[PDB]
Amino acid sequence: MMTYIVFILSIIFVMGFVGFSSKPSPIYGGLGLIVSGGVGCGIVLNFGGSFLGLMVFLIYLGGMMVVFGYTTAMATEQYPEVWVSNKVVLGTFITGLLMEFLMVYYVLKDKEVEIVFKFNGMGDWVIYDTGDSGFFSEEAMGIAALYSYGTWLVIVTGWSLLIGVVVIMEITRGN
Amino acid sequence: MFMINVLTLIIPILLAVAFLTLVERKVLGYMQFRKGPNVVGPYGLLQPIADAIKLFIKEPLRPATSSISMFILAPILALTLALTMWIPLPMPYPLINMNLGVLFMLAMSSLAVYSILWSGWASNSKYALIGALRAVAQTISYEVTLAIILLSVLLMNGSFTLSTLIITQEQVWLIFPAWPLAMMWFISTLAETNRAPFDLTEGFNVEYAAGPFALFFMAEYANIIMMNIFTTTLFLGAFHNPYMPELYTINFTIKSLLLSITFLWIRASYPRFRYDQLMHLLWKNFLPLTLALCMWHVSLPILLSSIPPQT
Amino acid sequence: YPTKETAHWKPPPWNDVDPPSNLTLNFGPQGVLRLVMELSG
Amino acid sequence: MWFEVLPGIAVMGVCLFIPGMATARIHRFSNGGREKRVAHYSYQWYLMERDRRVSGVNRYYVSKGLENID
Amino acid sequence: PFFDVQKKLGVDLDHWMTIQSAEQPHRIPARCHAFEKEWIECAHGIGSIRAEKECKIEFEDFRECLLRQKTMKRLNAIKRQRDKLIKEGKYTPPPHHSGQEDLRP
Amino acid sequence: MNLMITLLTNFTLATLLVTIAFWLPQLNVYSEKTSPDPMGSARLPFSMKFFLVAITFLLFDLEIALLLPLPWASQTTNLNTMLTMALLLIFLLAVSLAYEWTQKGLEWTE
Amino acid sequence: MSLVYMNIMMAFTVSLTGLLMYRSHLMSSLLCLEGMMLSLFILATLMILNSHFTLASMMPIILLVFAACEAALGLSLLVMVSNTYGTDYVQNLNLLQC
Amino acid sequence: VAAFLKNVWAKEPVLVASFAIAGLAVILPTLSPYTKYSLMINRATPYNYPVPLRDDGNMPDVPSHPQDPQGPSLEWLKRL
Amino acid sequence: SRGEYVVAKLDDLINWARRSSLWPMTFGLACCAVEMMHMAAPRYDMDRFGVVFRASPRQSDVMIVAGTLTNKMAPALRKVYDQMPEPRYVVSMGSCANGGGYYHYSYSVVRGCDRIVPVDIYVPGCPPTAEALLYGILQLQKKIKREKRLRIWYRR
Ligand SMILES: CCCCCCCCCCCCCCCCCC(=O)OC[C@H](COP(=O)([O-])OCC[N+](C)(C)C)OC(=O)CCCCCCCCCCCCCCCCC
Ligand SMILES: CCCCCCCCCCCCCCCCCC(=O)OC[C@H](COP(=O)(O)OCCN)OC(=O)CCCCCCCCCCCCCCCCC
Ligand SMILES: CCCCCCCCCCCCCCCCCC(=O)OC[C@H](COP(=O)(O)OCCN)OC(=O)CCCCCCCCCCCCCCCCC
Ligand SMILES: CCCCCCCCCCCCCCCCCC(=O)OC[C@H](COP(=O)(O)OCCN)OC(=O)CCCCCCCCCCCCCCCCC
Ligand code: SF4
């Protein structure tokens, strides 16, 4: 059960996009994309990609999806919902989320194990710890090489970010 | 055995947050020439327990919520991110010893504005939504200088490891080569938690009951104690004997208490900023100095041949 | 060619521009004073 | 007077002292009277699993010295 | 329009990230360094049309090093036969695959 | 593994405290109350300044995302190139800040 | 091909189908577009960490930064639409039929 | 160029401090003698294995044992 | 019995927690707000009783009507009273909030705030001294102390 955990997260990841590709609201759309970002980050972190998972949290979720929720909250005029005493205002939430985990556990059925067991990855998929690397994360040093090897990449990226600042300030003027 | 360690982290956090209210009211009492609470318990030691039992049986306001799910998930996220910021903190050895604990804490604190934003949209008020948007803009503003100051200090560390930050400061405190980063870091952590003189929420989560307000309240104070401990580890790092870890634990405890009382002593001393005045403080005062000191702490270990070890 | 679905389509403006308030708060009694604020941001 | 704030500060200081003392004692309890092995890197984990294999009881913290070689 | 400025002027703007067998930091190998090196040294300079049909063995070794589809197929076959024999009761697992043998070093 | 157990315990304690904070005063049969702020029925006007400071956060946060591997890039052999590109990124962050300055972008939240 | 890569591709195509059937809002379009960007980040990261190809580890961050800047541009466009009509509705964006 | 400097130090000391710190951060790594030692320490830090060479017969600069005279030595790093 | 003892001890617990943690929402209507400010000033010092200074109305426990209630503000008084969570309490401070006071026969004055809100403690004086307002607060705490909520729950 514990072996297939990345695969399990990937299934949840797929289900997470069905949370918001059906598009119930842009606000619940942002909420589903935040949950999907967290579980895809779990997929990244379970291959030893620690810095890239923390870039998912720090830059994608805490950097950009904050701005998406911020711009969404400056639009789409709100309206109240059901606000009866606690047999509705939290009990329906708990029964709905228990049905959501019921849906998560419900898809691991006989139509799934014909794909899981015929194409068993866990046992031979996650091979990032194949031998020794040394005193360094290879992924950390590969990201560190952006400054010595990636001179042109850093030039065009910083130029695109400066042009991004200029472009946003020109189009958001109205004059 | 590990679950025992998680409980012995998280239960004393909640007890320390409970008695921080007593320490705040007593220290703000004596600084305002008055006394703080002394009637309820002996010298006030039952005032947090009485306040907690009062807030946890107070009537829910029957809130006209714009959403159920964000109304529930804002205190849940607030408490979860209040607790999970503590697990890489080296005291002198953390609960979760990870190689990127600094970046982990920066990420989990950058995720902490969703509790504000979801509390704001989960209210029906447009005024509460405007206050929440102002608070979110303030917090993500000061997260910029959190990240740049933190990067500039860790150019002397070698890596994002918090336990390595104890090894870095065994000869000198890191406030000596980095005191402008220290003072701007301290004002930036003051402005993260919406703490005075940056508390324009008392100048967004009032849609909640008194119980969920106590949850946001205790998450805010856990963030206050946590950022004081993180500043203590980051600039005033204590001596560590590996055969007696209680020397380091008592030393950073005393320094963390002094820095938390320094928050309590700042809030009883200054008027509040106007909102554009603290946006002026960030974007026009702290950010040029912070970028210049980032350039300085990049280029300075290269010119002094003091580049810290990677491992 | 004006068909059935295209007959109500008016031509666009000649210079290609199209013809397009501020907030009012009530700081109530929540001394005491009520403040009606025409605010502009 | 001013020393009246000291019982609350003392209680809060004990509440901050308990987690660090607790995790230091648990690390010495679960690792043979010593510190927990820090494996931030692949070499540290490789030596750690080599210790776990040479100890024979699936525990890295049982150190086999010169008595295990002839 | 492929204006090869990087070969005209003699600059290295993006050749270093292109293949796995290039100069990596701290001489880290890729997982398929030998297979990609052999596909590149086989298919070098002869053009794509000859490279598709005259270096297919090295290219399939490198593709199978990348995806490991034949190796996962073989391991699924052996594990399926092992599961069927454990289910039939005609086979017993060894002690060195059950966890009672006090591993090598 | 220990991290997932710790996150799960923190999430369980958070959900438990929220559940106690909602269900414990709903034992009370206090009163069903009626008759439902600085606006009564006003819509939300948009503010351009809040969106400008949000996008300014996002662009400088991307520049910080580039600046993050510097404590690892200090360990490299090509220190002249590394120092030039580090100073170039922080200088471009400063040029973005100066352009945000002079075009009145930092005004009325300065 | 492989399994978890097929899952990340399935998420990419699901957010593509959400990006190709608009319901009401432009923010829903930008969210489906950034879910596509997220799935590209995840799949690129798993490939680059799988092969131990070291220099490409800076590539997903690059794939983040530009595209996040791209999202910023999209948000600003939405804002100007919401400054003309009051809503971000895609059916207000139909003046270019003639 | 001096009265303007006193004026900007009077009005805006934050930007004067920022441009001074940034200017020193630019110029001082080249005006320093200790900058080369950063390069030398980062290229003498052994992250990999020092793979030995087959002795063809004529290599005077390559030692046979780590405790030999010839070879790159770090006496300067131990002493400084 | 046993359950009578359990509900009596839990009544003592919740009454202790509610009376030792009263949070006031003071209506600063008139001159009595000055003497409430003196009751929060260091000499009398409400904060050492657990009575915090200027709590927000959506979490406060006791409404102190300190000053003259006029006809233009009585709906705002009842609105802020309706926005208070239970158990809410009303302390009426001074003669104009008690019964109209010096403006009793005025065309514009509500003759007592107990025409608007249910009032628990009547604090007399013009203004009552801050020591007397503190006496009224402690008498409110003793009124909360002798409540019998779980006892009457167990007996109904
Ligand atoms: C880590 C432990 C704690 C660390 C120390 C912090 C504890 C002390 C806290 C005290 C109470 C703080 C209360 C709230 C403060 C908020 C207000 C405030 O102070 O705002 C910041 C104020 C803001 O100033 P201001 O608001 O007055 O400025 C007005 C600005 N105009 C004119 C544009 C309107 O100051 C700063 O921003 C300075 C930050 C620190 C600068 C450090 C510079 C170091 C020296 C550099 C070199 C200079 C010389 C040139 C080169 C020479 C080379 C030889
Ligand atoms: C609204 C929903 C509910 C809201 C409240 C709850 C969610 C939000 C608050 C909690 C956030 C969870 C964050 C989880 C990951 C944190 C980052 C991380 O794992 O960093 C630590 C570490 C990297 O450090 P390193 O030392 O390199 O690793 C060991 C190498 N020897 O890496 C490791 O140690 C890796 C450990 C294994 C991987 C852990 C995966 C966790 C499960 C997937 C994500 C779960 C959350 C999904 C939803 C998020 C919504 C924001
Ligand atoms: C890490 C540090 C954490 C520290 C946390 C605790 C801080 C406070 C430390 C103790 C302070 C004093 C506590 C006692 C206060 C006074 C209680 C008391 O005696 O009240 C008297 C009351 C009336 O009873 P009666 O008999 O009528 O009296 C008339 C005289 N014959 O009778 C009663 O009220 C009934 C008896 C009630 C007794 C309650 C005592 C306090 C309970 C605290 C619980 C938590 C303690 C810590 C737990 C974790 C550590 C072990
Ligand atoms: C080359 C080294 C690297 C340089 C790049 C990195 C710098 C790090 C800091 C980045 C700062 C980014 C933002 C800078 C904006 C500059 C323009 C500016 O602020 O002009 C307006 C200002 C007048 O002030 P005012 O408009 O009133 O301010 C509003 C509040 N009252 O005008 C002023 O206050 C005048 C500001 C410009 C002149 C400052 C001169 C400082 C000189 C220090 C000593 C010499 C340093 C050597 C380098 C030369 C620098 C000019
Ligand atoms: S009772 Fe008298 S002194 Fe008090 S507020 Fe009224 S008018 Fe002023």
# chains A, B, ... in the order shown; residues from 1 in each chain; ligands from 1
>>> interface_residues(of="chain B", to="chain C", cutoff="12 Å", atoms="only C-alpha atoms", output="list in words")
residues 126, 127 and 130 of chain B
>>> interface_residues(of="chain B", to="chain F", cutoff="6 Å", atoms="only C-alpha atoms", output="list in words")
residues 56, 57, 59, 76, 79, 80, 155, 158, 159, 211, 276, 279 and 280 of chain B
>>> interface_residues(of="chain C", to="chain I", cutoff="9 Å", atoms="only C-alpha atoms", output="PyMOL selection string")
chain C and resi 28-32
>>> residues_around(residues="residue 26 of chain D", least_positions_apart="2", cutoff="12 Å", atoms="only C-alpha atoms", output="PyMOL selection string")
(chain B and resi 1-6+8-9+93-95) or (chain D and resi 18-24+28-36)
>>> write_last_selection(atoms="N, CA, C and O atoms", output="short mmCIF file (atom, residue, chain, number, x, y, z; two decimals), in the first residue's frame")
data_model
loop_
_atom_site.label_atom_id
_atom_site.label_comp_id
_atom_site.auth_asym_id
_atom_site.auth_seq_id
_atom_site.Cartn_x
_atom_site.Cartn_y
_atom_site.Cartn_z
N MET B 1 7.16 6.41 19.24
CA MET B 1 8.17 7.21 19.92
C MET B 1 8.34 8.55 19.22
O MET B 1 8.62 9.57 19.86
N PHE B 2 8.14 8.56 17.91
CA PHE B 2 8.18 9.82 17.18
C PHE B 2 6.91 10.64 17.39
O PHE B 2 6.96 11.87 17.42
N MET B 3 5.76 9.96 17.51
CA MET B 3 4.51 10.65 17.81
C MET B 3 4.54 11.31 19.18
O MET B 3 3.96 12.39 19.36
N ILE B 4 5.23 10.69 20.14
CA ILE B 4 5.51 11.31 21.43
C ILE B 4 6.26 12.62 21.25
O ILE B 4 5.95 13.63 21.89
N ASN B 5 7.23 12.63 20.33
CA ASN B 5 8.02 13.84 20.08
C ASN B 5 7.19 14.92 19.41
O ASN B 5 7.34 16.11 19.71
N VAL B 6 6.28 14.52 18.51
CA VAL B 6 5.39 15.49 17.88
C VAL B 6 4.44 16.11 18.90
O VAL B 6 4.21 17.32 18.89
N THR B 8 5.02 16.35 22.21
CA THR B 8 5.82 17.21 23.08
C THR B 8 6.36 18.43 22.36
O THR B 8 6.95 19.29 23.02
N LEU B 9 6.23 18.52 21.04
CA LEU B 9 6.37 19.82 20.40
C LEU B 9 5.05 20.60 20.45
O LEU B 9 5.02 21.73 20.94
N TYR B 93 18.45 20.39 18.06
CA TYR B 93 18.17 19.38 17.06
C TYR B 93 16.68 19.36 16.79
O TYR B 93 15.89 19.18 17.72
N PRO B 94 16.25 19.55 15.55
CA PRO B 94 14.83 19.78 15.28
C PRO B 94 14.02 18.48 15.26
O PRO B 94 14.56 17.38 15.29
N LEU B 95 12.70 18.66 15.22
CA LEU B 95 11.80 17.53 15.06
C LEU B 95 11.97 16.89 13.69
O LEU B 95 12.05 15.66 13.57
N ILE D 18 10.54 22.80 27.13
CA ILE D 18 10.12 21.39 27.04
C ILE D 18 10.31 20.74 25.67
O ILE D 18 10.82 19.61 25.64
N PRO D 19 9.97 21.37 24.52
CA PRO D 19 10.18 20.65 23.24
C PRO D 19 11.63 20.34 22.90
O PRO D 19 11.91 19.24 22.41
N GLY D 20 12.56 21.26 23.16
CA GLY D 20 13.95 21.01 22.81
C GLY D 20 14.60 19.96 23.69
O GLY D 20 15.30 19.06 23.20
N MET D 21 14.36 20.05 25.01
CA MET D 21 14.80 19.01 25.94
C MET D 21 14.17 17.66 25.61
O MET D 21 14.84 16.62 25.67
N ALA D 22 12.90 17.68 25.20
CA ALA D 22 12.18 16.45 24.87
C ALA D 22 12.78 15.78 23.64
O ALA D 22 13.04 14.58 23.65
N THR D 23 13.04 16.56 22.58
CA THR D 23 13.57 15.94 21.37
C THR D 23 15.03 15.55 21.53
O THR D 23 15.46 14.56 20.92
N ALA D 24 15.79 16.23 22.40
CA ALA D 24 17.16 15.79 22.66
C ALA D 24 17.18 14.48 23.43
O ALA D 24 17.95 13.57 23.10
N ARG D 28 18.49 10.80 22.07
CA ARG D 28 19.42 9.93 22.78
C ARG D 28 18.78 8.61 23.20
O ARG D 28 19.50 7.62 23.38
N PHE D 29 17.46 8.55 23.36
CA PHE D 29 16.83 7.30 23.75
C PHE D 29 16.70 6.33 22.59
O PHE D 29 16.81 5.12 22.78
N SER D 30 16.46 6.84 21.38
CA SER D 30 16.16 5.98 20.25
C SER D 30 17.38 5.67 19.39
O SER D 30 17.23 5.07 18.32
N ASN D 31 18.58 6.04 19.83
CA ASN D 31 19.76 5.90 18.98
C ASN D 31 20.97 5.41 19.75
O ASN D 31 22.11 5.68 19.37
N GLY D 32 20.75 4.67 20.83
CA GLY D 32 21.85 4.13 21.60
C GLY D 32 22.64 5.15 22.38
O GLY D 32 23.88 5.11 22.36
N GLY D 33 21.97 6.06 23.07
CA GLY D 33 22.66 7.02 23.91
C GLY D 33 23.42 8.09 23.18
O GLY D 33 24.31 8.71 23.76
N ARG D 34 23.09 8.34 21.91
CA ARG D 34 23.86 9.26 21.09
C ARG D 34 22.93 10.14 20.28
O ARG D 34 21.70 10.07 20.40
N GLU D 35 23.53 10.98 19.44
CA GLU D 35 22.76 11.83 18.56
C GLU D 35 22.14 11.02 17.43
O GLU D 35 22.59 9.93 17.09
N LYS D 36 21.09 11.58 16.85
CA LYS D 36 20.50 11.00 15.66
C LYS D 36 21.41 11.25 14.47
O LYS D 36 21.99 12.34 14.34
#
>>> residues_near_ligand(ligand="ligand 5", cutoff="6 Å", atoms="only C-alpha atoms and all ligand atoms", output="number ranges by chain")
I: 30-32, 67-68, 94-96, 101, 126-127
